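Working notes, beginning with the structure itself.
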RNA sequence: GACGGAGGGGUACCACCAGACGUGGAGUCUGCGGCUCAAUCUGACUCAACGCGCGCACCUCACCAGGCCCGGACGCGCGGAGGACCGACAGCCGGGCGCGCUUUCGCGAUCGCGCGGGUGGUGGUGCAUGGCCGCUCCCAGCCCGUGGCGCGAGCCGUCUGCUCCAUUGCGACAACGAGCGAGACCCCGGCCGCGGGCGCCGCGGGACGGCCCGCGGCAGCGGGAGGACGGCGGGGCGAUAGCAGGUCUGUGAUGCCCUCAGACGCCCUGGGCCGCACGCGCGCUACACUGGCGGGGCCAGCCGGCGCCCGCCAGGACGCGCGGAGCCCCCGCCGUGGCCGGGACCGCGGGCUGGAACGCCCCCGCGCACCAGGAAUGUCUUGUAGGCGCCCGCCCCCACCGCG
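Residue numbers (PDB author numbering), protein chains in the order written: chain SX, 21 to 120; chain SL, 2 to 101; chain ST, 8 to 158; chain Sh, 87 to 136; chain SW, 2 to 138; chain SC, 6 to 214.
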């Protein structure tokens with residue numbers, strides 16, 4: 021009924037994580053979902069010398085994999101929160117995890 | 002080394018039941034997981050990393066298993082000739098089936 | 008520490024109708040302005056007195072220009088986060104210049120004052136476009152490269 | 087015996103998850119990945135050039 | 002406010018005098034040998050440095066108010082560059098022992114009350130520090 | 006204020022590193038499948054694996070047993086959830102448009118002694134039959150000489166640079182191993198008409214009104 | 001085609017103007033040569049070798065001085081249960097190891113023995129190679145279908161006219177249509193909406209040489225603006241044709257030879273790579289008053305937590321949910337002296353990470369040259385150079401280094 025649930029949505033692609041957010045908002049009308057919270061992107065950054073061998077000007081390959089997390093808090097019964105999650109559209113490579 | 006029959010049986014029991022085995026590096030991490038042989042007075046143990054590697058290499062040579070190596074990990078897959086080998090080793094009937 | 012989640016939370020509402028922002032190279036002046044006595048506090052410290060001396064006259068520079076009596080009757084709780092000592096003073100000045108104008112109301116006389124001030128000190132109502140550039144792999148700076156050992 | 091001496095721990099053994107090379111293992115994040123092997127598999131992980 | 006109205010530098014020097022004349026703080030006198038932290042190379046020659054340091058530390062406790070400050074944290078405020086090596090200078094916070102000693106006396110003189118994590122200025126102390134600033138200016 | 010430990014993305018990173026090993030294994034093991042792309046559903050610990058490959062009939066349909074054997078291998082190799090770790094196999098349409106299925110056939114054809122010129126041209130034709138606007142092949146290495154030689158065969162127009170190519174070009178590299186030693190097959194296929202994205206340069210004007 | 005000390009256009013702080021800030025000169029720090037060595041593992045030599053191949057107590061690790069054992073699989077013949085295989089108390093010898101031995105006590109088919117054949121090897125050759133990557137090239141060039149021209153090699157389109165930052169355009173032209181590269185694109189800004197706020201984070205606008213004044217077949221350009229923003233903010237991607245560029249020491253990458261049981265397998269120990277008569281490359285700190293030194297304020301971003309007490313610090317114990325630079329500014333001291341410039345070795349001492357210093361840290365001594373670097377050359381145009389700190393990488397500990 022009123023038991024708070026903290027949910028986290030993590031995705032490599034901003035658009036793919038956005039799809040889950042738009043789906044959660046639509047299916048959150050029924051169980052009163054909170055507005056989404058978009059976390060500062062935490063980025064795994066690897067700058068590597070591109071050359072396998074040192075020969076050549078030292079050159080740097082900048083690789084970034086920023087991870088986007090969205091925060092959802094619903095004071096609703098567990099069956100209701102499971103109903104939002106199963107019903108909301110799911111895209112592969114998107115992670116949703118629930119903490120009580 | 003004189004590999005225990007208990008170790009040997011657990012490798013083949015995991016292989017007959019799950020139809021798939023794997024191995025990492027020599028350095029032990031509590032020994033090889035997925036293989037829980039018991040000495041008669043011994044507590045549930047894990048075969049030494051070296052022990053599983055020698056038998057499975059011999060079993061690949063016999064024709065018991067087929068292997069693909071990815072990310073320094075073994076990926077054994079059961080062969081039908083191997084089903085006869087493991088079934089004879091476990092003195093099992095053909096009606097007995099692996100989890101597939 | 009610039010652009011914090013709550014723009015101004017030490018003081019909330021409390022007659023603070025006028026709101027303005029002055030930007031200066033990572034210096035954000037979140038200005039909370041109300042129609043008060045006519046004295047102002049920046050980061051909870053009096054506008055007239057700031058720790059750097061040379062910079063104190065610059066901080067009071069927009070005040071005298073857009074009518075000190077006009078500024079009288081306005082109290083401010085401007086907070087500057089981020090930036091640096093020089094960057095902070097310029098961003099408070101930009102917020103102060105904009106802060107009097109919005110409250111005054113847009114009419115011919117306000118417009119005349121705005122023109123007089125922006126002519127006297129340029130880029131006072133316009134945030135500095137320049138933002139620190141990024142070092143590349145060539146050397147230690149955005150433009151500078153390492154010494155060429157063999158030409 | 088050889089048993090009692092083989093691989094007595096002397097140091098941490100760290101190798102790329104993909105290539106098993108000790109040099110340039112990389113521990114910046116959870117990725118214990120070879121610096122040379124990283125570039126080849128960066129795309130499957132999804133690390134991308136700016 | 003009012004603490005800000007007094008030039009803080011003016012308040013700190015006077016507060017060291019207020020501490021000496023009113024007997025507050027009491028300089029340890031074991032402070033003679035210590036230099037103000039690892040960075041300093043020549044050691045304090047002011048000879049009223051513990052009274053001078055004490056005056057600002059209590060003013061800092063007032064400036065934070067409810068925020069709550071710690072002995073290592075105050076040392077970060079007093080940090081200076083360390084020089085004298087071929088390697089380039091890097092900032093070095095001050096030694097904990099002198100700062101910890103200053104906070105201890107204030108709790109005894111009711112200028113400090115322990116809060117969550119670090120200690121914070123006591124209500125009796127809050128009035129005394131603020132009263133001096135207005136009185137001085 | 007919030008704590009910064011946030012082990013949420015750490016979990017997400019072991020999921021993405023795991024997808025990479027899965028690919029490494031799928032690519033070597035499923036040569037017949039011409040495996041191309043993998044992922045994990047990973048929903049509340051249910052590791053469904055989405056794999057899009059040209060043909061699952063070789064690995065699945067054998068009583069579905071071989072697919073099951075792979076699922077058990079992956080759960081057991083990743084020491085994770087058994088029964089939750091299903092693999093969902095699919096079939097890829099327009100295998101000529103896909104680079105991986107054409108490169109996997111090229112490596113087999115070349116190893117089977119099919120002539121280099123014809124073999125690259127057979128692949129070139131598949132993209133043209135599929136209608137793909139441009140396919141190239143750059144086999145390189147000890148090609149019929151003690152010294153290294155590179156044989157590039159190409160048909161049609163292929164873009165080479167810019168951001169578009171990342172999302173409009175298909176690249177696949179295989180290492181063939183003839184008696185001489187390592188050779189490097191390559192396939193690059195460019196289609197302006199792929200999914201819902203337009204090559205940025207072309208403004209489309211079609212009618213008077 | 002390559003080239004010219006041939007001409008004509010252009011063009012770029014990897015070019016010069018006009019300047020800056022420098023190096024080279026001194027200590028130091030890292031790499032290289034030379035050499036010394038038991039071992040100093042190497043690779044790389046103009047640009048395009050030389051703090052490079054992401055931090056050497058051990059490990060790494062390829063090298064040495066000694067040792068340990070199979071991790072010779074799977075198959076054919078042959079031997080083998082009182083034993084095929086296969087450890088061991090004490091004493092010995094030996095850092096050490098039932099390593100060997102004296103010795104007498106086990107093991108339990110998990111095998112021996114030859115062979116057919118494996119298997120590994122940071123061994124070689126990047127002049128057998130894949131892959132990647134350097135470089136030509138921070139280049140604007142590269143090609144096609146048909147037709148024209150020549151016996152052909154080859155030309156024409158692909159321009160001896162004009163504009164670009166640009167084969168960027170235009171008006172042409174035995175060519176006429178296409179492409180690829182450049183653009184476009186994409187990330188990150190600086191301004192404006194709305195949506196969102198467990199964290200100022202999610203989608204849109206705006207800016208176009210559009211407007212003005214010119215000069216212009218044109219293409220544009222030269223000013224003037226208005227406007228956060230101006231005509232190329234900054235980066236990512238980066239054609240074609242190549243190079244005997246570099247890596248077999250990243251790669252169940254890899255040809256082929258060598259090594260293969262006293263192994264080039266793999267471990268265990270201790271030292272090596274850091275040894276210095278030397279020459280050199282990249283950096284750092286200096287050579288002081290525009291400066292040090294003693295206090296007082298206090299301002300950051302990448303993106304990141306702390307309290308308590310003990311100690312001169314260093315550090316540690318105790319606890320827990322969180323936090324932040326220099327420069328600069330204000331007052332003092334020195335008073336042009338290698339001085340209160342500067343901090344080099346060494347004499348101790350107290351500590352840390354550590355199985356272990358041979359690493360680092362701090363304190364108390366000490367007080368090295370250098371008083372502005374010869375011939376030479378390098379980098380560099382707005383938030384730019386430089387000054388000034390912080391983060392992160394490899395990291396047991398450590399950076400003067402690189403990514404920022």
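Every residue, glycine too, gets a C-beta built ideally from N, C-alpha and C.
Interface positions of the segment 30-50 of chain SX facing chain Sh (Cβ-Cβ less than 7 Å), listed along the chain: If the cut-off is 7 Å between Cβ atoms, the segment 30-50 of chain SX has 32 near chain Sh.
Residue 55 of chain SX - DSSP class collapsed to helix/strand/coil: Along the first chain, read from residue 1 onward, the residue named residue 55 of chain SX stands at position 35. DSSP places residue 55 of chain SX in coil when its eight states are reduced to three.
C-beta neighbour in chain SL for residue 30 of chain SC, strict 8 Å: Numbered from its first residue, the sixth chain carries residue 30 of chain SC at position 25. True, the Cβ-Cβ gap to chain SL drops below 8 Å.
Segment limits, beta strand (DSSP E) that includes residue 88 of chain SC: Taking the sixth chain and counting its residues from 1, one reaches residue 88 of chain SC at position 83. Looking at the DSSP string, residue 88 of chain SC is not in any beta strand (DSSP E), and its letter there is neither H nor E.
Identified DSSP bridge partners for residue 57 of chain SC: On the sixth chain, position 52 is the one that residue 57 of chain SC refers to. SC/42, SC/95, per the DSSP bridge assignment.
8 Å Cβ cutoff met for residue 7 of chain SL and residue 38 of chain SL: Within the second chain, the letter at position 6 stands for residue 7 of chain SL. Within the second chain, the letter at position 37 stands for residue 38 of chain SL. Yes, they are a contact pair.
Members of the segment 23-56 of chain ST that neighbour chain SW once the beta carbon cut-off is set at 8 Å: 48, 51, 52, 53, 56
As assigned by DSSP and simplified to three states, the class of residue 100 of chain Sh: Taking the first residue of the fourth chain as 1, we reach residue 100 of chain Sh at position 14. DSSP places residue 100 of chain Sh in coil when its eight states are reduced to three.
Euclidean distance between Cα positions of residue 92 of chain SX and residue 116 of chain SX: Taking the first chain and counting its residues from 1, the one referred to as residue 92 of chain SX is at position 72. Taking the first chain and counting its residues from 1, the one referred to as residue 116 of chain SX is at position 96. If you take the alpha carbons of residue 92 of chain SX and residue 116 of chain SX, they lie about 10 Å apart.
Cβ distance (whole Å) where residue 53 of chain SL is taken to contact residue 33 of chain SL below 8 Å: To locate residue 53 of chain SL, count along the second chain from 1; it is residue 52. To locate residue 33 of chain SL, count along the second chain from 1; it is residue 32. That pair is a contact at about 5 Å.
Chain-ordered neighbours of residue 45 of chain SW on chain ST, where CB pairs are closer than 8 Å: In the fifth chain, counting from the first residue as 1, residue 45 of chain SW sits at position 44. Listed by position along chain ST, the residues whose Cβ is nearer than 8 Å to that of residue 45 of chain SW form an empty set, because the closest Cβ is around 23 Å away.
Residue 183 of chain SC - containing beta strand (DSSP E), residue span: Looking up residue 183 of chain SC in the sixth chain gives position 178. Element bounds for residue 183 of chain SC: 174-183.
Per-residue burial, residue 49 of chain SC [other beta carbons within 10 Å of its own, 16 or more giving buried]: Position 44 of the sixth chain, counting from 1, holds the residue named residue 49 of chain SC. Flag for residue 49 of chain SC reads exposed.
Listed by chain order, chain SL residues near residue 255 of chain SC by CB distance under 8 Å: Because chain SC spans 6 through 214 in this model, residue 255 of chain SC falls outside it and cannot be assessed.
Contiguous alpha helix (DSSP H) assignments of at least 4 residues, all confined to the segment 45-83 of chain ST: 61-66, 68-72, 75-78
Residue 95 of chain ST - containing alpha helix (DSSP H), residue span: Here residue 95 of chain ST corresponds to residue number 88 of the third chain, with the count starting at 1. Run containing residue 95 of chain ST: 92-111, per the alpha helix (DSSP H) assignment.
Selected residue, minimal CA-CA separation from residue 26 of chain SW, among SW/121, SW/44, SW/54: Counted from its first residue, the fifth chain places residue 26 of chain SW at position 25. Residue 26 of chain SW has its Cα closest to that of SW/54, out of SW/121, SW/44, SW/54.
Classification of residue 95 of chain Sh by the beta-carbon crowding that lies within 10 angstroms, buried from 16 upward: Your numbering for residue 95 of chain Sh matches position 9 in the fourth chain. It counts as exposed.
Sheet register partners of residue 80 of chain SX (DSSP bridge): Taking the first residue of the first chain as 1, we reach residue 80 of chain SX at position 60. According to DSSP, which records beta bridges pairwise, residue 80 of chain SX is partnered with SX/69.
Test: residue 100 of chain Sh CB closer than 8 Å to a CB of chain SC: Position 14 of the fourth chain, counting from 1, holds the residue named residue 100 of chain Sh. It does not; no Cβ of chain SC falls within 8 Å.
Beta carbon of residue 56 of chain SC nearer than 8 Å to that of residue 12 of chain SC: As a working mapping, residue 56 of chain SC is identified with position 51 in the sixth chain. As a working mapping, residue 12 of chain SC is identified with position 7 in the sixth chain. Not a contact, by the Cβ cut-off of 8 Å.
Interface partners of residue 132 of chain Sh on chain SC, CB under 8 Å: Position 46 of the fourth chain, counting from 1, holds the residue named residue 132 of chain Sh. Correct list: 21.
Short CB-CB distance (under 8 Å) between residue 115 of chain Sh and chain SC: For the purposes of this step, residue 115 of chain Sh is identified with residue 29 of the fourth chain, where counting begins at 1. Chain SC contact via Cβ: present.
DSSP state of residue 73 of chain SC mapped onto helix, strand, coil: Against the sixth chain, residue 73 of chain SC aligns to sequence position 68. Residue state for residue 73 of chain SC is assigned as helix, using DSSP reduced to three classes.
Neighbour list for residue 6 of chain SW in chain ST, Cβ cutoff strictly below 7 Å: Start at 1 with the first residue of the fifth chain, and residue 6 of chain SW comes out as number 5. Here the neighbours are 53.
DSSP state of residue 93 of chain Sh mapped onto helix, strand, coil: The residue labelled residue 93 of chain Sh in the question sits at position 7 within the fourth chain. Coil.
Minimum Cβ-Cβ distance from residue 73 of chain SC to chain SL less than 8 Å: Along the sixth chain, one-based indexing puts residue 73 of chain SC at 68. Cβ-Cβ to chain SL under 8 Å: yes for residue 73 of chain SC.
Chain Sh contact residues for residue 66 of chain SX, given Cβ-Cβ distances below 8 Å: On the first chain, residue 66 of chain SX is found 46 positions in, with the first residue counted as 1. By Cβ distance, chain Sh contributes 112, 114, 117, 124, 128, 133.
With 16 other Cβ atoms within 10 Å as the buried cut-off, status of residue 37 of chain SW: Taking the fifth chain and counting its residues from 1, one reaches residue 37 of chain SW at position 36. The residue is buried, with at least 16 neighbouring Cβ atoms inside 10 Å.
Spatial neighbours of residue 20 of chain SC in its chain, beta-carbon cut-off 8 Å, leaving aside the 5 residues before and after: For the purposes of this step, residue 20 of chain SC is taken as the residue at position 15 of the sixth chain. Closer than 8 Å at Cβ, skipping near neighbours: 45, 47.
CB contact check: residue 177 of chain SC to chain Sh, cutoff 8 Å: Here residue 177 of chain SC corresponds to residue number 172 of the sixth chain, with the count starting at 1. So, not an interface residue.
Burial state of residue 50 of chain SW (16 or more Cβ within 10 Å): Stepping through the fifth chain from its first residue, residue 50 of chain SW is reached at position 49. Looking at its Cβ environment, which holds 16 or more other Cβ atoms inside 10 Å, residue 50 of chain SW is buried.
In chain order, each beta strand (DSSP E) run of at least 3 residues that lies wholly inside the segment 30-92 of chain SW: 81-83
Identity of the residues DSSP links to residue 156 of chain SC by a beta bridge: In the sixth chain, residue 156 of chain SC corresponds to position 151, counting from 1. For residue 156 of chain SC, which the question treats as bridged, DSSP gives the partners SC/144.
Chain Sh contact residues for residue 84 of chain SX, given Cβ-Cβ distances below 9 Å: By 1-based counting over the first chain, the position of residue 84 of chain SX is 64. Within 9 Å Cβ-Cβ: 133, 134, 135, 136.
Beta-bridge partners of residue 115 of chain SX, as assigned by DSSP: Here the question's residue 115 of chain SX lines up with position 95 in the first chain. Per the DSSP secondary-structure output, residue 115 of chain SX pairs in a beta bridge with SX/30.
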